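Engineer:
Chains as they are written, first to last, in my numbering: chain A, 2 to 258; chain B, 2 to 258; chain C, 2 to 258; chain D, 10 to 267.
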């Protein structure tokens, strides 16, 4: 019997690559994201284009694209649909967050209201939904993607970086509370990754002059690739490492060290 | 003229002792308080008994008891009133939070909203109100009280400790973002303190067998007094130390070491 | 043109397991350790027996067991022999440390001198030996095994825990000082692992119920295996992840969260 | 009548002078250890001849100790033996430790490595071993070990120095927790960008405003810390007013180590 791996926001960021890598390791996948083709605001790899590659790797694919992951209902709905299809949930990769930057005294009630939703509510409702089935099974592995800024909340990223630290804080407590059930909850915070999502936050967009200045701010003088991030993320979701929980791993080329 | 120091939730916890020593250090006082049934500090010393003593120490007191610090309007209104009374704001001690404990999967949507309001809203709107008058003056010292759990979000205090950890991160960024203006924003996190609030929550206010057990959980084998906590807090708000900002300080007899 | 992977104290702990998986990933190997067989003073797997298996996995092997890794000579010499055999060093796993425990005030000038040599001198000399060949090549992946006590130096393990924390600090700085040359240097710190060393130093066999008392102390209620550890270790040395450096990874089932 | 005793090492510079004045104001008798001599000497920012005079006007007696090697058991053990014979008690101790060593990690020699270990680690291990017995017997005591803000963020060009300082904090943490049940506190203060010679020389900005202008700009609060500020914070951990912190590390670098 093939285990199941849930990957939220799987139309972009690490989802696609992680989906291919998790399939190779013998997992069935339940991708969540934005339904659509390459010409979409939040889609860089479509479901159908993915389902054909994951099927050649021997994986069945449930897809979910009609849930507000910032609410209890949307998260519980996703999990209820995952369990009726496959009847199990062994791994969950909850990608969370809304990026908002600027001066702390220019932040508005709306910005403050919506950064808590992306960075904290997605984590709280996401974990309340994925854990119950893992607790009953006696084994599970979760990876909550927060942000490297949570490890070092810096100026001009105050509310965004602070709430991410709160997310990592929740992850630690939750990772240790359910460790005695064989369920692992860990956090992975990235920064300076090579994907269009981060290219929108920083006005580099492949610009050689602006790209070089961004690559200069990281100790390893390069941006991270989704092939690298998927490898380490799968290491915490493929049952090959069951001795880490409640921890936060900075993945930013030495930036968050 | 005398420097002005604001103290929130000043009827309990560190408020009383802090105002006593700050007056001894030459500060005028703005004491904020609340008797709302849903508040964590409580009423340990009434403003009626405090203004009497603090006036014997040479301080003029402004009292505020009709503002909700979980909202922008309440905080902004509170700062309108201090600047009309004294025309300046130098030090600010923002006590925040709303205690909620339990197993992560037993948390309700309102317990999750009550902790976001106490632990994060009071800080976002509190800091957005005290900083402008300090930045204009080019000087200022702020201390926001979070909790020792922010440095170690443990099981059974997942969303409390977690949101405290998010507030400590906000403090880090804000304390650095406004360091250029000579503004200090630090955060103190306490635990195992000797005051009616904690004594009653742990059911050790009239129990010797309980206190002995409770105190054995602190490396220093005792509960911290408010004179100790005010002495440490006053050193970050009396002008004697202008070289620490954006930092978190554990105050728990080593529990958070 | 297979890349080379150096592993030290490869007769026990992670050495044996790591070698196999590194061989599985296409690495020629250089193994340091002691001579003997059958846990004969730290020999969990004799070199004679390892090369046999590592050869079936298509990996050449060089053995070194006559150097003192607490000195500049032994380390600089060990690398002289690695490069004359293969002419390259792409990965290095430096295992370091001599265990000492007891009351801090009962420690002697001898115990203090010993733990410094195992926990600090080995790291300092080791890194000065493996880095040069990687800096020249422009690529390299190093891992220094310290101890989970380095993330939380506790009583009864003061000098041992502190010196480990010193090792981590070095690894942090060194990992950042050479990230611009494309060289990674990270640290792993374990505790409660299922291997003769910890088992003997914790009364594993003899009071076998004591093992249950020890497992109760780990959040995940188990001892880690060298397969899990080698999988994580290999992931920082197999070239799949080149976006982390100067970081410390606790590996103690959450005990260091 | 009966005054508490406070031991301060390396008292001729850094924080010792400003710390000795505020401790005496708080009613403490003092034990000053330093590399004694006149102001014209290296590391001597304020001679004991002048310090002792100032502290007596503040109502504090003073004992001087200037012939011990604080990197060895014999030195610290002797220092404390002479402290007890004079005052019969030891209540507070501020152990200043370390020896600055910077540069690229590869360029580090066995002698540099051996020396940063003796300054950042040997002084801590032996110092705490000598200070704690009388404090434990007295059921109460407070120690502050001065490491370095680098211990909180070991950066490039300061590897072995910051690394060993990190270990120093780790020892302070373990030792601070192990003896908390005896009423004894041990904490660590790590500073940087302080306005005093030792740092001004290391940073290569002693007589240069242009370079110091750059140095201060590296600090969030855009200035260098003063010994009055540091002595104030330090005295709070040694004057009996705060007995609820131990095994902790306090960064004091204007936000640089936040």
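Backbone N, C-alpha and C fix where the C-beta goes; we use that ideal spot for every residue, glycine too.
By how many angstroms is the C-alpha of residue 146 of chain D removed from the C-alpha of residue 114 of chain B?
Structural biologist: Approximately 50 Å, taken between the alpha carbons.
Engineer: On the DSSP bridge assignment, give the partners of residue 155 of chain D in chain order.
Structural biologist: Paired residue(s): D:105, D:198.
Engineer: If we call anything under 8 Å between Cβ atoms a contact, is residue 160 of chain A one with residue 116 of chain A?
Structural biologist: The answer is yes: Cβ separation under 8 Å.
Engineer: Which two residues bound the contiguous alpha helix (DSSP H) that contains residue 60 of chain C?
Structural biologist: No alpha helix (DSSP H) holds residue 60 of chain C; DSSP gives it neither H nor E.
Engineer: Would you say the beta carbon of residue 120 of chain C comes nearer than 7 Å to a heavy atom of the ligand ADP?
Structural biologist: With respect to the ligand ADP, the structure offers nothing, as it holds no ligand at all.
Engineer: Taking the alpha helix (DSSP H) that residue 237 of chain D falls in, what are its first and last residues?
Structural biologist: Residue 237 of chain D -> alpha helix (DSSP H) spans 236–245.
Engineer: Starting from residue 122 of chain B, find everything on chain D with Cβ-Cβ shorter than 9 Å and list it in chain order.
Structural biologist: Those within 9 Å of residue 122 of chain B in chain D number zero; the least Cβ separation is about 24 Å.
Engineer: Residue 152 of chain C to residue 99 of chain A, Cα distance in whole Å?
Structural biologist: The straight-line gap from Cα to Cα measures roughly 31 Å.
Engineer: What residues in the segment 224–243 of chain C bring their beta carbon closer than 7 Å to a beta carbon of chain A?
Structural biologist: Under the 7 Å Cβ criterion, the segment 224–243 of chain C contributes 225, 229, 232, 233, 236, 241, 242, 243.
Engineer: Roughly how far, in whole angstroms, is the beta-carbon of residue 261 of chain A from the beta-carbon of residue 110 of chain B, given that I think they are within contact range, below 8 Å?
Structural biologist: What is shown of chain A runs 2 to 258, which leaves residue 261 of chain A out entirely.
Engineer: Under the assumption that residue 60 of chain A contacts residue 124 of chain A (Cβ atoms under 8 Å), give the Cβ distance between them as a whole number of angstroms.
Structural biologist: Not a contact, Cβ separation roughly 27 Å.
Engineer: Looking only at its chain, what residues have a beta carbon closer than 7 Å to the beta carbon of residue 222 of chain B, apart from the 5 residues adjacent to it on each side?
Structural biologist: The residues are 216.
Engineer: Just checking, does the segment 183–191 of chain C make contact with the segment 138–157 of chain C on the three C-beta pairs under 8 Å criterion?
Structural biologist: They touch, by the three-pair rule.
Engineer: Between which residues of its own chain and residue 58 of chain B is the CB-CB distance below 6 Å, once the five residues before and five after are set aside?
Structural biologist: Answer for residue 58 of chain B: 24, 25, listed in chain order.
Engineer: Going by beta-carbon coordinates alone, are residue 174 of chain C and residue 163 of chain D separated by less than 8 Å?
Structural biologist: Yes; because the gap between Cβ atoms is below 8 Å, this pair is in contact.
Engineer: Tell me the DSSP secondary structure of residue 18 of chain B in three-state form.
Structural biologist: Reduced to three states, the DSSP call for residue 18 of chain B is helix.
Engineer: Does DSSP put residue 103 of chain A in a helix, a strand or coil?
Structural biologist: Residue 103 of chain A: coil per DSSP, three-state reduction.
Engineer: Would you mind telling me which residues of chain B sit closer than 8 Å to residue 255 of chain D, beta carbon to beta carbon, in chain order?
Structural biologist: Going along chain B in sequence order, the residues near residue 255 of chain D (Cβ under 8 Å) are 220, 221, 254, 255, 258.
Engineer: Kindly identify the DSSP beta-bridge partner or partners of residue 343 of chain B.
Structural biologist: This structure leaves residue 343 of chain B out entirely; chain B is present only between 2 and 258.
Engineer: What residue from D:187, D:100, D:250 has the CA that sits closest to residue 107 of chain C's CA?
Structural biologist: The option with the nearest alpha carbon to residue 107 of chain C is D:187.
Engineer: Residue 159 of chain D to residue 167 of chain D, Cα distance in whole Å?
Structural biologist: Their backbone Cα atoms lie some 8 Å apart in a straight line.
Engineer: Provide the residue span of the alpha helix (DSSP H) that contains residue 111 of chain C, from first to last.
Structural biologist: Counting along the chain, the alpha helix (DSSP H) containing residue 111 of chain C begins and ends at 110–117.
Engineer: How would you list, in chain order, the residues of chain C whose beta-carbon sits under 8 Å from the beta-carbon of residue 163 of chain D?
Structural biologist: Those within 8 Å of residue 163 of chain D in chain C are 170, 171, 173, 174.
Engineer: Touching or not, the segment 9–19 of chain C and the segment 199–209 of chain B, by the rule of three or more beta carbon pairs under 8 Å?
Structural biologist: No, the segment 9–19 of chain C does not touch the segment 199–209 of chain B.
Engineer: By a C-beta neighbour count over all protein chains shown, 10 Å radius and 16 as the cutoff for buried, is residue 209 of chain C buried or exposed?
Structural biologist: Residue 209 of chain C is exposed by the Cβ-count criterion.
Engineer: Please identify, using Cβ separations under 9 Å, the residues of the segment 100–134 of chain B that lie next to chain A, in order along the chain.
Structural biologist: Correct list: 104, 105, 106, 108, 110, 113, 117, 120, 121, 122, 124, 125, 126, 128, 129, 132, 133.
Engineer: Is residue 63 of chain B near residue 86 of chain B, with beta carbons less than 8 Å apart?
Structural biologist: It is a contact, given that the beta carbons lie within the stated cut-off.
Engineer: Taking only beta-carbon atoms, is residue 58 of chain B less than 8 Å away from chain D?
Structural biologist: Chain D contact via Cβ: absent.
Engineer: Does the Cβ-Cβ distance between residue 146 of chain B and residue 191 of chain B come in under 8 Å?
Structural biologist: Cβ distance < 8 Å, so residue 146 of chain B and residue 191 of chain B count as in contact.
Engineer: Using 8 Å as the limit for Cβ to Cβ distance, is residue 19 of chain C near chain A?
Structural biologist: Chain A, which has no Cβ nearer than 8 Å to the Cβ of residue 19 of chain C, makes this no.
Engineer: What residue range is occupied by the uninterrupted beta strand (DSSP E) comprising residue 258 of chain D?
Structural biologist: Run containing residue 258 of chain D: 258–261, per the beta strand (DSSP E) assignment.
Engineer: Can you find the residues in the same chain that come closer than 8 Å, C-beta to C-beta, to residue 229 of chain D, ignoring five residues on each side of it along the sequence?
Structural biologist: Result list for residue 229 of chain D: 263, 264, 265, 267, in chain order.
Engineer: Quick one, which residues of the segment 25–44 of chain A are near chain C if we go by CB-CB under 9 Å, in chain order?
Structural biologist: Under the 9 Å Cβ criterion, the segment 25–44 of chain A contributes no residue.
Engineer: Measure the beta-carbon distance from residue 40 of chain D to residue 74 of chain D and round it to whole angstroms, keeping in mind my assumption that it falls under 8 Å.
Structural biologist: Rounded, the Cβ-Cβ distance is 7 Å, consistent with contact.
Engineer: Using a Cβ cut-off of 8 Å (strictly closer), state whether residue 260 of chain D contacts chain B.
Structural biologist: Answer yes: the Cβ-Cβ gap between residue 260 of chain D and chain B drops below 8 Å somewhere.
Engineer: Just how far apart, CA to CA, sit residue 245 of chain A and residue 251 of chain C?
Structural biologist: Answer to the nearest angstrom: the Cα atoms are 8 Å apart.
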